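Chains as they are written, first to last, in the working numbering: chain A, 178 to 561; chain B, 4 to 46; chain C, 65 to 128; chain D, -11 to 102; chain E, 26 to 115.
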Amino acid sequence: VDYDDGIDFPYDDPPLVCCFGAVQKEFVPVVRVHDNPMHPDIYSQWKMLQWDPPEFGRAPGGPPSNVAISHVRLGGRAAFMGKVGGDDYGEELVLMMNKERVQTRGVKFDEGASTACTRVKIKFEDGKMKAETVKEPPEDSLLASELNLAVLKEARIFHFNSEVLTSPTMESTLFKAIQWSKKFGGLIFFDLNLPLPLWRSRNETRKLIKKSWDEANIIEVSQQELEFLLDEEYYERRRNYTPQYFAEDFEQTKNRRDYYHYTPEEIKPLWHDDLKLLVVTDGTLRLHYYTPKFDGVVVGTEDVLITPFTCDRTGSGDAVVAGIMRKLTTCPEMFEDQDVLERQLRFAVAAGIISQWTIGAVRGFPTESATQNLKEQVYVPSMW
Amino acid sequence: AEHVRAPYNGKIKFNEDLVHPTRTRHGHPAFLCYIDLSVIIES
Amino acid sequence: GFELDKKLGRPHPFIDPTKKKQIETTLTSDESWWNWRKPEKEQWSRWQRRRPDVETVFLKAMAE
Amino acid sequence: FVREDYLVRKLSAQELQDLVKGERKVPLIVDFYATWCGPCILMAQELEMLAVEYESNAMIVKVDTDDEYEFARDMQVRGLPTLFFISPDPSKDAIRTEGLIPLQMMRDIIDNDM
Amino acid sequence: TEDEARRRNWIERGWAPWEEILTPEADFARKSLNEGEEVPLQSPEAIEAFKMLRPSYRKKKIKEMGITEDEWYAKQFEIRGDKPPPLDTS
């Protein structure tokens, strides 16, 4: 807006990344309707949905603090920008991030608020129960004057989710943070992770995210989010088509799973000038990538049935994003070299796979050497 | 039976006209040797 | 140089680089039977990585 | 003859409607969950323990978002797990929490704010 | 006998000796396995099939015949056996 902040410094390696939003424990934001529910009380059956998940939950994302923790464990450096209350739960969240060696100088305390607590009022409009927000939680109440500009000056990637778009206060604060980061040369990473309200209608969501979509240099979306934003019914019809008499080629006879790679012309409504990399994730199975110059897909895999009693997919979406951010900062040729980009994205695939082998997102985030080991075990040496 | 193994890396050299084509019990093509063939490996 | 390191037991290549030759050209998968052709795509093995051990680590530390 | 293994009741949106409109004397805690959500397994065990601690001094209920998706969205549920703490005093406003909060934090809300 | 059974297979079960276009490996397998298990190949067909196991030998054989490679690829998709009496539509 006006000037700089802090003292210019040689800025130790690896380059810092900043994660913006709400620090929460667990809290899966992406919620849709699944048609295969287990017993409502016997939660010992619910693990069967971890190894036959709904498609929107194949590699779930989470709060931005998950990405920061996962990024640090993968060998990077990260700082979290956000607000917590001055109560005991607020200290626990900060102590969790300090233990994981995430910088918390960008975390502001609000001594008059209770962490993760929203005051709402219950109404009975048209014979139905609804709630409306009376006072937002401290997590969604960071002000622009409370931004740590030293972090925004140092950080090379600014990362945020669409959960901040559900808060009037955070949305205004978000666009001041983006302005500062761009002024200092930072790249903007938009990890969509649509919360429950934003799944209601395509047109309302497209209007709501359009401004933040246009400010982003890197975007990660799931296959379900991308199809919802373009046309959900066209792609479902496309998946359900079966030739009447004979297959068009030998591969169509095998009745394999659909890994459709969207053409850059289908993606065109969502492309803009400043966008450097679009990644569409089909869990860890496929990573479709799109650049101004080229596009392609990285083939991955998953194995949660290798450990049926400890598998938990929560947080695996954050590990994939953290793995992308770890390689983008240290391998800047990823943006311009296709072969280099594919090799580096296989590192992100491996991180997602390991993350699904432990109960709890933070508890199961993998280290760099474990991720590198799994990548070399899974892929043939020519693909490393 | 006894298996002869290559003592070094290199290129095998022999006259294929001195040996008789055959199919092994594993389904592979091979040669049958009825003489004292001299096989060279250039390491 | 060589042949003095070899005589004394000092570190030296096992094979003299001067008295070292290539292995010419070998069959290029068109002059080969099917069972001796290289697969077009690399095959996953589970033995594709070198086994770690103490000797590898100590030798590298002594090399530095 | 055989005690039931689970204390927390699952309610429909219509059933939860009448429970909130009707007269209540104890704090009402409403849990939104889904059987496919991994963290809900951890939350389910904490709420069963909270039901044992608060035998009749609180009422713990749960709502499945697979069955009551529209109701959950109108209640401002942004993700799972989500808890609503509703006071027996109709003037006081309800408290919505997000994430796997500790058991002690639930007790403090019930005792001091409910 | 092995004349009525063949006719029975044609009429009742719809048998026909449809051409099988084999790869060199499959052609060698049928010609060599008729001789034995691990024996020197003696029949001129199996000996030639052994030589054809190398595509380099095939190219040399094709050049000596003066035809192109694609023409050789099309000659293997040729109907074998006798031809029916040609049609005479009046």
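The C-beta atom is built at its ideal place from N, Cα and C for all residues, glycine as well.
- Counting only Cβ-Cβ distances below 8 Å, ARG28/B has contacts in chain E at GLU62 and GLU63, in chain order.
- Within the DSSP secondary-structure output, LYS312/A pairs in a beta bridge with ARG296/A.
- Taking 8 Å as the cut-off, the Cβ atoms of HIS76/C and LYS84/C do not count as close.
- In this structure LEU505/A is buried. Its beta-carbon is surrounded by 16 or more other beta-carbon atoms within 10 angstroms.
- Using a 10 angstroms sphere on the CB of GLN67/E, the tally of other CB atoms stays under 16, which defines it as exposed.
- Taking 9 Å as the Cβ-Cβ cut-off, the segment 89 to 120 of chain C approaches chain A at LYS105, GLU106, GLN107, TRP108, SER109, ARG110, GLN112 and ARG113, given in chain order.
- Among the residues facing chain C, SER81/E is included, as its CB has a counterpart in that chain under 8 Å away.
- Taking all protein chains in view, the Cβ of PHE524/A is crowded by 16 or more other Cβ atoms within 10 Å, so the residue is classified as buried.
- Residue environment for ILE334/A: buried (at least 16 other C-beta atoms within 10 angstroms of its C-beta).
- When the beta-carbon positions are compared, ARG278/A and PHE542/A stay at least 8 Å from each other.
- According to the DSSP secondary-structure assignment, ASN338/A is paired through a beta bridge with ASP368/A.
- With a beta-carbon spacing of about 7 Å, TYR42/D and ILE98/D fall inside the 8 Å limit used to define contacts.
- Taking a 10 Å sphere around the C-beta of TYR418/A, we find fewer than 16 other C-beta atoms and assign the residue as exposed.
- Residue state for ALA255/A is assigned as strand, using DSSP reduced to three classes.
- For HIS23/B, there is no enclosing alpha helix (DSSP H); the enclosing beta strand (DSSP E) covers residues 23 to 26.
- As DSSP reads the structure, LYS(-2)/D sits in a beta bridge with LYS50/D.
- Classified as buried, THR491/A has 16 or more neighbouring CB atoms from the shown chains inside 10 Å of its CB.
- Across the set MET306/A, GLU313/A and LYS298/A, the C-alpha of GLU313/A shows the shortest separation from the C-alpha of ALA290/A.
- In the same chain as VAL18/D, and ignoring 5 residues on each side of it, the C-beta atoms closer than 6 Å to its own belong to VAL49 and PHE72, in chain order.
- Counting only the Cα atoms, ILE43/B lies some 20 Å from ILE79/C.
- Residue environment: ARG8/B is assigned as exposed (fewer than 16 neighbouring CB atoms within 10 Å of its CB, all protein chains considered).
- In the DSSP assignment, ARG84/D is bridged to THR295/A and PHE72/D.
- Only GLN201, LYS202, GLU203, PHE204, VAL205, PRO206, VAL208, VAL210, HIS211, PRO214, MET215, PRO217, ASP218, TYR220, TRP223, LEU226, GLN227, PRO230 and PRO231 from the segment 199 to 231 of chain A bring a Cβ to less than 7 Å from some Cβ of chain D.
- Using a Cβ distance threshold of 8 Å, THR350/A and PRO374/A do not count as a contacting pair.
- Contact between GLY238/A and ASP368/A holds, with the beta-carbon distance rounding to 6 Å and staying under 8 Å.
- DSSP places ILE536/A in the coil class of the three-state scheme, outside both helix and strand.
- Looking only at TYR439/A, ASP450/A and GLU348/A, the smallest Cα-Cα distance to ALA393/A is reached by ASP450/A.
- Chain order gives the chain B residues near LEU78/E as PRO32, where near means a beta carbon separation below 7 Å.
- Membership of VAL456/A in the beta strand (DSSP E) is indicated by the continuous run 454 to 459.
- Approximately 5 Å separates the beta-carbon atoms of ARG209/A and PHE233/A; this is inside 8 Å, confirming the contact.
- Under DSSP, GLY473/A shares a beta bridge with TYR466/A.
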